[PDB]
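Alright, two takes on the same chain below, each alone as structure tokens: structure 1 and structure 2.
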Structure 1
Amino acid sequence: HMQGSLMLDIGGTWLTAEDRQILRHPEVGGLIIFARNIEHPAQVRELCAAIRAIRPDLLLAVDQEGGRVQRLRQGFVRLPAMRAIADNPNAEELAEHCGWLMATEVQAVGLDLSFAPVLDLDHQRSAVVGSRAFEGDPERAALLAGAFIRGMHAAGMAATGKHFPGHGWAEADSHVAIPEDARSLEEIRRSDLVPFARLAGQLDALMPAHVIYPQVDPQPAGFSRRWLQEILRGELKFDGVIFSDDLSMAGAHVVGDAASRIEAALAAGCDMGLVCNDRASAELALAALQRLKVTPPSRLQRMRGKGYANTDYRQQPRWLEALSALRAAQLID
């Protein structure tokens, strides 16, 4: 009667026999890679193909926006930070070139999508979105992110928005602490949420933050049916998938058990649960999804990469023009 899925995580260069046996479960619908899973480009290509040899229906994602955190390093251009593009005069063109460049480079390795860009605003308040946020003005960041997403769509990758409904004002970090944002209801509509409302029709995937808004819903935004159903789906006209954020870090312990985390996330309206950095918590969630007999949402296949990317992306006119256009701003490698 309900729908949902699970995105796993491996902690090795190649697949362990245990990883193969947990993949085959239908409730698993994705895999996130980190620094510990990456050696060289060809290594990641055979790692993907090794997973596709088990489940060609899975979708593989990477944490690659090119700033403080860029997982794919050797063999990949040093993408700039989103704040490094704001000062430049033609930011609307550098965004399209930056989005297309990184999306083609990661799709040619084998991954489907990349959790990028971030739609948060740089209020100089949050320690996690330092250089990740585009700019401070809401409309400036909404136009820049729309151009960045425009480049990814031209590359064939579905874009994911982070982090709904806003994480730049939350002074506390959600990786170790529990962020709380006591801003009023109507102010968020005029400030942090503006980029999310502008790109709701141009976006295919969202990631709610784990910040608490006591004005809106005592539970975090990822676990709030008022945030995900009443405001996002019912008001912001959004219709794509809703990727849960990492359900293993701190800030998500408001509900309790690892299994109870994905219970509250799927009951809130999200389409997929994200648990990484811990295999045991992923097994408890998997066993949970097997119990209520989750069905893979028909919206998830929209996020699989349609990329025409081969090893050919090195020889295309967009490749040379975007290289020169981004090299002029002293951003790329």
Structure 2
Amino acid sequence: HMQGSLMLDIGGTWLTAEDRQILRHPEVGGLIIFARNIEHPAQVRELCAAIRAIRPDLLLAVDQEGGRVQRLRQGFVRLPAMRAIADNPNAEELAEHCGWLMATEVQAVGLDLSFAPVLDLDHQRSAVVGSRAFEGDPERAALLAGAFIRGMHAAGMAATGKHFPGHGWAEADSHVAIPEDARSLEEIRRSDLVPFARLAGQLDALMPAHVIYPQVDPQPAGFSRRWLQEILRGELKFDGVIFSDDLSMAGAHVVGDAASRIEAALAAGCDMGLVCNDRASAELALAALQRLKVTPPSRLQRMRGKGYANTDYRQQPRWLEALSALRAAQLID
């Protein structure tokens, strides 16, 4: 049997009958929630519990979109950004505390994971080459992201690096085209690939960049066997879960339907295809997996969270100690 699975989304803050029906198919392995599905933690918790009454094996993910959810949805813990964490003598400890807090709360509201950490590099073109600003300090990024992952793992959560092989040097010439990073594989290896290389052995999963690196492969990274098999699983020895990029095309189009795109993604080596914001495309992709008679990738359940839903997480000693450490570092309050 070919292996693969579909991760989809829903429209609202609760399940429709149509939602319930699509979630029952075994080829659906995951559901991702966004700010549009989130009112507050207790609602998120009950939405997750309702999904698990249908499918206890479903992987439930939140795209917090760069601390996005925590900002306008009341009641989630506000955590410092990595650049604020970096400017401390105990930055590693603080990054651990942040990974631990985020993963503890996300699992307390019934989710398995948050897609984190970001491994993309910030390149200041205003600075000149060689400086840790134009290059983006990839070793420091890998150090602090590795600490953040330790915190996530300590709370029971599997970690997903994004966006492989790194989109920090990609340039969006316009709105229609897929961004490109036209540097050689040697240049990429010594810069944006570094955090992925450093952490491939620690990460449980990766998400690909929606970028063409035309000197390496003509295809976006999520569809390239050279990127996913030769470099990621081969050179980086990565044995974790590979998510596709979003198989719904709304900004940078590619040809074919979600059916051919999920086929191409699994062909390149993805374990789980994502179809967001497009239920019609999700049903086309599901139909494709049904005709392929796929079974779930043996890797997939690595992403299941070892924590669990609970309402008392914030009164626990570890939670208070973690916040007290961020407070002592002047990062919160």
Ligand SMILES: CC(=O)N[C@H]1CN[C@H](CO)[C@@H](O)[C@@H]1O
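Reference numbering: structure 1, starting with residue 1. Take the two forms, superpose them, and find the largest set of C-alpha atoms that agree within 1.5 Å; that set is the rigid core.
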Given structures 1 and 2, which represents the form solved in complex with this ligand? 1
For the list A142, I188, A154, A86, which one shows a CA move of 2 Å or more between structure 1 and structure 2 after the core is fit? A86
Cα of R68 displaced 2 Å or more between structure 1 and structure 2, core superposed? yes
Does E18 shift between structure 1 and structure 2 by 2 angstroms or more at the C-alpha, the core having been superposed? no
Once you overlay the rigid core, does the Cα of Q215 travel 2 Å or further between structure 1 and structure 2? no
Can you give me the Cα shift for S174 between structure 1 and structure 2? Core-superposed, in angstrom, one decimal please. 9.8
After superposing on the rigid core, how much does the Cα of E321 shift between structure 1 and structure 2, in Å? 2.3
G273: how large is its C-alpha shift between structure 1 and structure 2, with the rigid core as the superposition reference, in Å? 0.2
